[PDB]
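J.: Structure below; questions to follow.
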Amino acid sequence: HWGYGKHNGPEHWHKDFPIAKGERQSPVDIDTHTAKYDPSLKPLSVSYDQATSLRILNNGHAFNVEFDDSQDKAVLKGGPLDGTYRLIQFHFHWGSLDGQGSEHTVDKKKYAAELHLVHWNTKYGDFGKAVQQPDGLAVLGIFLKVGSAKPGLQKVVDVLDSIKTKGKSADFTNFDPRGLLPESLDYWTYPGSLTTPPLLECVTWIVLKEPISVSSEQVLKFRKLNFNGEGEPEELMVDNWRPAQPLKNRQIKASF
Ligand SMILES: O=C1NS(=O)(=O)c2ccccc21
Ligand SMILES: O=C1NS(=O)(=O)c2ccccc21
Ligand SMILES: [Hg+2]
Ligand SMILES: [Zn+2]
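Count the sequence shown with the deposited numbering and you get residues 4 to 125, 127 to 260, in order.
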C-alpha cells in the first residue's frame, strides 16, 4: 500500500513501519556549516570497472537498475566504510518540477533528483542478511540538477518507454554506472536508513557534494513513468521522494 500519494505517503508510513519515527532515519538536511571535516576518513574508492548490469524494473515506486552481485565486481570501499560493499542496484527519486525531487537537502536546497547507488556489506553474505545489521548497507547519493545532458544517463532514459507501468521490466546489460558519477568524490557521510519502507536503519550514507547535470529532456522522460500497473488509470511517477527527517543524535562528517 505505501506510496507518495496524499493517502499513502511519507506522513502515513509510520503506521505500518514504526521505525519511520526512529533515531537514524533518512534522508536529512545537510547543514554544510555544521558538518565537520574528518581527517580520519580514508580515501573513498568506487570501483565499477567490472559492473554487470542485468535488468531494469518499474517497481511501482521508482525504477531499479539491477546488477549481478554474485561475485566481486562493482564495489564501494574506503572513506568511512569498513570492508567492501557490493553494488546490487541503483535508482532515482525525482520531482514533478525541477525545483524539487531530491531526498537529501543541502542547507535546505532541494535538487531536481537524487541517484542512490545501493551496496551491501560482503561480510554478511547477501543483501537480506545485510539489512539486519547496523552496518549492512552503503548508499552513494548523487544530486541531479537540470542543465546540460548527462550522456551516461541516456541509455537509461531511452529504455523507460519499455517499463512504463508497475511490474514491467526490460533487459539491461552492459550499462556502465561510471557514466553517472561527477568528477569530484568529495562527500558528506552519516549513519541513516533506507528512504523507503521498510525504512531499515542499516545504511552508511555517502552523499557526493558535486551534483551531476542532466537535461530537462532527460528528467522529463522520468516523469512519464507510471506508479500504476498497465491498463489502470494513469498516475504519473513523480515526487517519489521522502522529505528530510530529524537528525537527532547524529553528526555529519565532511571528507573535504
Ligand atoms: O506513490 C503513489 N502510489 S499511488 O499510485 O497510490 C499514488 C497516487 C498519487 C501520488 C502518488 C502515488
Ligand atoms: O529506495 C531506496 N532508497 S535507498 O537508497 O535508501 C534504498 C536502499 C535499499 C533499498 C531501497 C532503497
Ligand atoms: Hg539495520
Ligand atoms: Zn533511494
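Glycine residues also receive a C-beta, built at the ideal position from the N, C-alpha and C atoms.
Closer than 6 Å is what we want: which residues have a beta carbon that near any heavy atom of ligand 4? List them in chain order.
T.: Chain-ordered list of matching residues: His94, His96, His119, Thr199.
J.: Taking the straight line between their C-alpha atoms, what separation do you get for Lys111 and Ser217?
T.: In the sequence shown, residue 111 corresponds to position 108, counting from 1. In the sequence shown, residue 217 corresponds to position 213, counting from 1. Their backbone Cα atoms lie some 19 Å apart in a straight line.
J.: Under 6 Å: does the beta carbon of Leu204 sit that close to some heavy atom of ligand 3?
T.: The residue given as residue 204 occupies position 200 in the sequence shown. The answer is yes for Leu204.
J.: With a Cβ-Cβ cutoff of 7 Å, do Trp97 and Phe226 count as a contact?
T.: Translated into positions along the sequence shown, residue 97 becomes position 94. Translated into positions along the sequence shown, residue 226 becomes position 222. Yes; because the gap between Cβ atoms is below 7 Å, this pair is in contact.
J.: So, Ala116 versus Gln222, is the Cβ gap smaller than 7 Å?
T.: The sequence position of residue 116 within the sequence shown is 113, counting from 1. The sequence position of residue 222 within the sequence shown is 218, counting from 1. Not a contact, by the Cβ cut-off of 7 Å.
J.: If you measure from the CB of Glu14, is any heavy atom of ligand 1 nearer than 6 Å?
T.: What you label residue 14 is simply residue 11 of the sequence shown in a count that begins at 1. No, the beta carbon of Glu14 sits no closer than 6 Å to any heavy atom of ligand 1.
J.: For the region 7 to 14 and the region 181 to 196, state whether three or more C-beta atom pairs, one from each stretch, are separated by less than 8 Å.
T.: With a cut-off of 8 Å, the region 181 to 196 and the region 7 to 14 do not count as touching, because too few Cβ pairs lie within range.
J.: What are the start and end residues of the alpha helix (DSSP H) that includes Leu224?
T.: Taking the sequence shown and counting its residues from 1, one reaches residue 224 at position 220. Counting along the chain, the alpha helix (DSSP H) containing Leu224 begins and ends at 220 to 226.
J.: Going by other Cβ atoms of all chains shown within 10 Å of its Cβ, with 16 needed for buried, is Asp72 buried or exposed?
T.: For the purposes of this step, residue 72 is identified with residue 69 of the sequence shown, where counting begins at 1. When all chains shown are included, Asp72 counts as buried.
J.: For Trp16 and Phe260, what's the separation of their Cα atoms in angstroms?
T.: Taking the first residue of the sequence shown as position 1, residue 16 is located at position 13. Taking the first residue of the sequence shown as position 1, residue 260 is located at position 256. Going from the Cα of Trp16 to the Cα of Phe260 covers about 35 Å.
J.: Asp162 lies in the alpha helix (DSSP H); which residues open and close that run?
T.: Numbered from its first residue, the sequence shown carries residue 162 at position 158. Its alpha helix (DSSP H) spans residues 158 to 163.
J.: Does at least one heavy atom of ligand 1 sit under 6 Å from the Cβ of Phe231?
T.: The residue you call residue 231 lines up with position 227 of the sequence shown. Yes, since a heavy atom of ligand 1 falls inside the 6 Å radius drawn around the Cβ of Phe231.
J.: By how many angstroms is the C-alpha of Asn244 removed from the C-alpha of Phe70?
T.: As a first step, residue 70 must be located in the sequence shown, where it is residue number 67. As a first step, residue 244 must be located in the sequence shown, where it is residue number 240. Cα to Cα, the separation comes out at about 22 Å.
J.: Can you confirm whether the region 198 to 212 touches the region 29 to 48 when touching is taken to mean that 3 or more C-beta pairs between the two stretches lie within less than 8 Å?
T.: Segments in contact, yes.
J.: Determine the burial state of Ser166: buried for a count of at least 16 other Cβ atoms within 10 Å of its Cβ, exposed for fewer.
T.: Along the sequence shown, one-based indexing puts residue 166 at 162. Classification of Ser166: exposed, given that the 10 Å Cβ count is below 16.
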